[PDB]
Visitor: 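Below you will find the structure I want to go over with you.
Hydrogens, waters and symmetry mates are skipped; everything else that's a heavy atom, side chains included, is used. So you know, we letter chains A, B, ... as the sequences are listed, proteins then strands, and number each from 1. Each ligand, and each atom within it, is numbered from 1 in the order the structure gives.
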Amino acid sequence: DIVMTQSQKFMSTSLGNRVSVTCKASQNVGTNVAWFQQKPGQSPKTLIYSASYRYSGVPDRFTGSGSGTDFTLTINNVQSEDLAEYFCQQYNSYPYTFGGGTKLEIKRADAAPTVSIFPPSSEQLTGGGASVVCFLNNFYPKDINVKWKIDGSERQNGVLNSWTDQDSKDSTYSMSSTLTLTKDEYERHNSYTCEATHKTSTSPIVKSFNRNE
Amino acid sequence: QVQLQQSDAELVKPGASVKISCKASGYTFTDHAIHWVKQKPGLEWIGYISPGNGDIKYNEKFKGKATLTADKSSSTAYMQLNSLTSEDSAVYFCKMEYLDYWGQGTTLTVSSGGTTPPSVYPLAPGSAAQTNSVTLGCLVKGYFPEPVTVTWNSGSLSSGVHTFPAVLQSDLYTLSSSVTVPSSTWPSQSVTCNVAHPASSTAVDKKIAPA
Ligand SMILES: CN(C)C(=O)c1ccccc1NC(=O)OCc1ccc(C(=O)O)cc1
């Protein structure tokens with residue numbers, strides 16, 4: 001079966017610029033290649049068929065090219081609504097097969113995270129567990145480092161992190177970091193700190209509380 | 001106005017079968033084929049059925065796994081998946097051949113794990129925190145299967161919301177959601193996270209009260 005390769009997992013672009021996504025077929029597929037757009041939780045949407053034909057209703061900002069083994073999707077004047085994952089597919093022969101996807105990233109001005117820390121709720125402590133939560137919201141660029149410190153010492157055990165998809169409105173990123181302790185463990189220490197390192201500050205961004213307060 | 005409406009998410013045990021539907025409307029059902037695709041967090045083509053003439057074709061990889069049928073009387077295409085394993089957990093779509101009409105997807109979860117409603121914990125700032133804005137949150141802990149839906153004030157707080165992807169541990173999911181509001185509206189006015197978990201048919205509301 002035919003392997004369709006999209007070597008770029010991500011491609012970054014400013015709005016209003018041109019971006020191209022490539023796709024390679026492992027053997028000849030003629031012009032029987034389609035491109036699709038997909039946003040989180042939605043079905044894909046057809047952009048291009050027959051390698052270079054625009055599906056009805058697709059903006060003329062989208063074009064496609066190639067024949068045989070080498071294909072390209074080009075988006076001119078990239079718009080916010082183009083933030084999506086892009087897939088190629090061959091239908092020259094069965095079984096039909098798809099590329100692995102390329103996610104667009106939108107460039108924007110640097111933005112510092114807004115960092116917020118939360119002690120364990122009273123409710124949670126009643127069942128014996130203690131999660132300390134930190135949100136690091138609306139930052140750019142996407143790279144960020146978060147450290148937890150308990151009475152001054154770094155802790156990794158028990159930390160679970162999660163990251164939103166790039167925001168479709170403002171092109172920022174957000175992260176949550178959750179440190180889960182037992183209640184007894186939690187109550188044996190005082191200062192809890194979430195410390196973020198981001199290129200927007202030479203100094204880490206620190207939020208803390210003291211359990212004893 | 002073609003519409004393809006698929007059946008709801010399903011949680012089934014390993015070794016069982018499931019039958020997913022795709023109800024088509026808005027065109028002549030016997031004049032177009034319907035294809036099926038699998039998407040695991042990429043995309044795989046399963047096969048098609050052409051209701052008009054009964055032609056069915058499978059990707060060889062799915063030939064002892066999937067069985068495609070169609071009921072012309074109800075314009076509904078069906079895909080039965082047999083001998084299920086965790087490898088079959090995925091989103092399944094139906095799609096009309098050639099035309100850009102797709103179902104909304106059906107998420108299948110194959111697992112032995114018990115359906116568990118979430119425990120929801122309010123996240124209020126510490127007693128000694130603090131400017132013009134305040135961030136609050138909700139920790140949505142210990143549920144299975146996915147998903148949950150989180151809102152704030154039943155949807156009336158829409159801006160400034162971040163609901164994070166869930167993390168899986170010991171057969172249970174956890175996520176958090178944050179909301180940021182002006183300080184003049186909290187705590188003097190109510191702020192409540194609303195958490196629905198369809199698989200257990202629950203919805204839980206947790207008011208964020210200052211600590
Ligand atoms: C025709 N076709 C291959 C399908 O319907 C299709 C079916 C399942 C998965 C992807 C598909 N891919 C797809 O739809 O690509 C778009 C497309 C649209 C029109 C034509 C055509 O008219 O030749 C070909 C491809």
Visitor: Looking at A:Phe139, does the NZ or CZ of A:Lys199 lie under 6.0 angstrom from its six-membered ring centre and within 45 degrees of the ring axis?
Guide: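 The answer is no; the distance or angle limit is not met.
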Visitor: Tell me whether A:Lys147 is salt-bridged to A:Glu195, with the criterion being a basic N under 4.0 Å from an acidic carboxylate O.
Guide: yes
Visitor: Is it true that the NZ or CZ of B:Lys57 lies under 6.0 Å from the centre of A:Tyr94's six-membered ring and within 45 degrees of the ring axis?
Guide: yes
Visitor: Tabulated below should be the N or O atoms of ligand 1 paired with protein N or O atoms at under 3.5 Å; can you produce that?
Guide:
residue	atom	partner	partner atom	Å
ligand 1	5 (O)	B:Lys95	NZ	3.2
ligand 1	5 (O)	B:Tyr98	N	2.8
ligand 1	12 (N)	A:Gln89	OE1	2.7
ligand 1	14 (O)	B:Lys95	NZ	3.0

Visitor: Mind listing the closest non-hydrogen atom pair of A:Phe62 and A:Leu73 along with its distance?
Guide: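 Heavy atoms only, the tightest pair is CD2-CD1, 4.5 Å.
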Visitor: In sequence, state the C-alpha distance, the side-chain angles, and the governing distance for A:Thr74 and A:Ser20, and then conclude on side-chain hydrogen bond (donor to acceptor under 3.5 Å, both in side chains).
Guide: CA-CA 4 Å; A:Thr74 295; A:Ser20 293; 2.7 Å; yes
Visitor: Mind listing the side-chain donor-acceptor pairs of residues 76-88 of chain A below 3.5 Å, one per line with the distance, residues two or more places apart or on another chain?
Guide:
residue	atom	partner	partner atom	Å
A:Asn76	OD1	A:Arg18	NE	2.9
A:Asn76	OD1	A:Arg18	NH2	3.4
A:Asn77	OD1	A:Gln79	NE2	3.4
A:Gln79	NE2	A:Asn77	O	2.9
A:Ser80	OG	A:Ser168	O	2.7
A:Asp82	OD1	A:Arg61	NH2	3.0
A:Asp82	OD2	A:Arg61	NH1	2.7
A:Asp82	OD2	A:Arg61	NH2	3.4
A:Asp82	OD2	A:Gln79	N	2.9
A:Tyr86	OH	A:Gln37	NE2	3.0
A:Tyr86	OH	A:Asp82	O	2.6

